Amino acid sequence: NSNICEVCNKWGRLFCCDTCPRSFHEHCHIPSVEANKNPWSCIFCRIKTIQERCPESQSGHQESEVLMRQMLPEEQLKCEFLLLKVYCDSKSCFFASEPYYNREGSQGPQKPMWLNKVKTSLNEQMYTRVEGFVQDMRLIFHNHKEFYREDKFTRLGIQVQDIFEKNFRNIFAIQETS
Ligand SMILES: [Zn+2]
Ligand SMILES: [Zn+2]
Ligand SMILES: [Zn+2]
């Protein structure tokens with residue numbers, strides 16, 4: 001196994017996958033690392049198994065069809081993994097916890113949103129369709145763009161949104177276009 005957490009790249013108390021070399025902190029893995037389960041398989045492995053069981057799941061899809069899917073177990077897992085892929089980027093720190101807004105010339109967003117809120121919402125099964133999860137994720141970055149305006153800090157929202165979007169297209173096998 002690896003000697004650092006796959007998500008945050010730090011050592012510490014790690015849980016090791018039994019079917020690949022990755023390791024995780026307890027609350028870095030999504031879902032949080034399961035109490036027992038021997039052997040234990042991480043989310044990367046669980047996602048790889050879905051693909052292997054249904055190879056045609058990698059054929060191209062339309063985003064509109066994906067967003068309307070109900071959050072059955074496999075869609076729940078894919079949203080978990082997509083959220084995890086965002087936390088894997090160190091720039092996710094800016095978007096993890098509950099923000100506050102007091103900048104001369106700007107007003108805070110009507111609907112604040114942050115990664116740990118989306119994490120909670122997933123854990124509590126609050127999304128009935130994929131669309132709920134993707135809307136809240138895209139709202140994080142949109143709120144950041146609107147608030148920071150012409151400050152160059154706006155770029156952090158662009159950067160982390162790009163990671164989100166690339167991974168959304170990968171995980172849900174969105175049809176490639178020009
Ligand atoms: Zn970690
Ligand atoms: Zn694994
Ligand atoms: Zn099949």
Side-chain angles (χ1 to χ4, degrees), residues 2 4-12 14 17 20-33 42-48 50-51 57-58 60-67 69 71 74-99 101 109 111-123 126-127 129-178:
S2 193
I4 57 179
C5 180
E6 190 76 359
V7 183
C8 73
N9 296 108
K10 296 294 196 290
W11 181 71
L14 300 175
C17 188
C20 78
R22 301 180 175 92
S23 313
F24 306 85
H25 298 97
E26 178 175 1
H27 299 312
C28 285
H29 195 270
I30 307 179
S32 288
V33 181
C42 81
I43 194 166
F44 291 82
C45 289
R46 298 169 65 195
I47 291 281
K48 193 211 294 307
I50 304 314
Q51 285 169 20
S57 71
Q58 298 157 274
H61 302 75
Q62 289 307 104
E63 175 171 319
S64 58
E65 177 266 320
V66 165
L67 298 184
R69 299 184 188 163
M71 288 281 257
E74 297 196 333
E75 306 313 299
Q76 176 78 31
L77 189 70
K78 284 175 172 204
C79 294
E80 295 163 344
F81 187 50
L82 177 50
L83 181 55
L84 177 142
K85 283 284 189 157
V86 176
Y87 285 96
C88 291
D89 197 283
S90 66
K91 293 160 178 285
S92 67
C93 70
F94 296 115
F95 302 107
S97 77
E98 185 170 10
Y101 300 97
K111 187 180 174 184
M113 190 51 58
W114 57 100
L115 295 168
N116 293 343
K117 193 173 167 63
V118 177
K119 183 177 280 191
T120 293
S121 295
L122 271 178
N123 183 233
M126 295 291 302
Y127 298 113
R129 292 172 194 270
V130 174
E131 179 173 56
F133 164 81
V134 169
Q135 285 172 347
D136 281 349
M137 295 291 292
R138 289 178 168 163
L139 182 62
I140 301 171
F141 312 119
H142 190 259
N143 280 351
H144 176 100
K145 279 159 97 153
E146 297 298 279
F147 185 72
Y148 292 104
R149 303 284 199 123
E150 307 295 301
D151 193 298
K152 71 205 168 155
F153 195 55
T154 55
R155 181 160 177 258
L156 275 291
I158 295 159
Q159 289 176 326
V160 177
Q161 186 159 9
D162 193 41
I163 297 296
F164 172 74
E165 297 296 343
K166 282 181 194 286
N167 282 281
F168 171 67
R169 295 195 300 272
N170 181 259
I171 291 164
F172 289 91
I174 297 293
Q175 171 61 52
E176 290 274 298
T177 47
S178 60

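Here, residue 1 is the first one in the sequence, and each next residue gets the next number. Just the heavy atoms: all of them, side chains too, but no hydrogens, waters or symmetry mates, feed the values below.
- Within the 4.5 Å cutoff, side-chain heavy atoms of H25 are placed close to those of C8.
- Heavy atoms from other residues, nucleotides or ligands lying under 6.0 Å from CD of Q58 number more than 12.
- Across every non-hydrogen atom of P99 and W114, the tightest pair is CD-CE3, 3.6 Å.
- Between the side chain of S121 and the backbone N or O of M126 there is no donor-acceptor pair closer than 3.5 Å.
- Closest of all the heavy-atom pairs between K85 and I163 is O-CG2, 4.1 Å.
- Atoms CD1 and NE2, from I43 and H29 in turn, are 5.5 Å apart once rounded to the nearest 0.5 Å.
- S2 places none of its side-chain heavy atoms less than 4.5 Å from the side chain of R22.
- Proximity of a side-chain donor or acceptor of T120 to a complementary backbone N or O of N116 within less than 3.5 Å is detected.
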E65 vs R69, salt bridge (charged side-chain N to carboxylate O under 4.0 Å, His left out): CA-CA, chis, key distance, verdict
CA-CA 7 Å; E65 177 266 320; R69 299 184 188 163; 2.7 Å; yes
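- Ring geometry, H144 versus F153: the interplanar angle falls from 30° to 60°, so the pair is classed tilted.
- Between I171 and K78 the shortest heavy-atom distance is O-NZ, 3.5 Å.
- In terms of heavy atoms, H61 sits closest to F172 at ND1-O, 3.5 Å.
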Do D136 and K111 pass the salt bridge (charged side-chain N to carboxylate O under 4.0 Å, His left out) test, and can you show the C-alpha distance, the side-chain angles, and the key distance before you say yes or no?
CA-CA 10 Å; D136 281 349; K111 187 180 174 184; 3.7 Å; yes
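- In this structure, CD1 in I174 is found 14.5 Å from NZ in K166, a value given to the nearest 0.5 Å.
- One finds the NE2 atom of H142 at 9.0 Å from the CD atom of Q161 (value rounded to the nearest 0.5 Å).
- Residue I50 holds its CD1 atom at 11.5 Å from SG of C45, rounded to the nearest 0.5 Å.
- The closest side-chain heavy-atom distance from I4 to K10 is not below 4.5 Å.
- Atom CG in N143 sits 5.0 Å away from atom OH in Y101 (nearest 0.5 Å).
- For the side-chain contact (heavy atoms from CB on, under 4.5 Å) test with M137, the passing option among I140, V134, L139 is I140; the others fail.
- Within a 6.0 Å radius of CD in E74, other residues, nucleotides and ligands contribute 12 heavy atoms or fewer.
- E6 and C88 make their closest contact through O-SG, 4.2 Å (heavy atoms, listed as atom of the first residue, atom of the second, distance).
- To the nearest 0.5 Å, atom NZ of residue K117 and atom CE of residue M113 are 5.5 Å apart.
- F164 and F133 have tilted rings, their planes meeting at an angle from 30° to 60° on a 0 to 90° scale.
- Between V118 and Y127 there is a side-chain heavy-atom pair separated by less than 4.5 Å.
- A cation-pi geometry, defined here as NZ or CZ lying under 6.0 Å from the six-membered ring centre and within 45° of its normal, holds between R138 and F168.
- Taking each heavy atom of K119 and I30 in turn, the nearest pair found is CE-CD1, 3.7 Å.
- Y87 contributes a side-chain N or O that, together with a main-chain N or O of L115, makes up a donor-acceptor pair within less than 3.5 Å.
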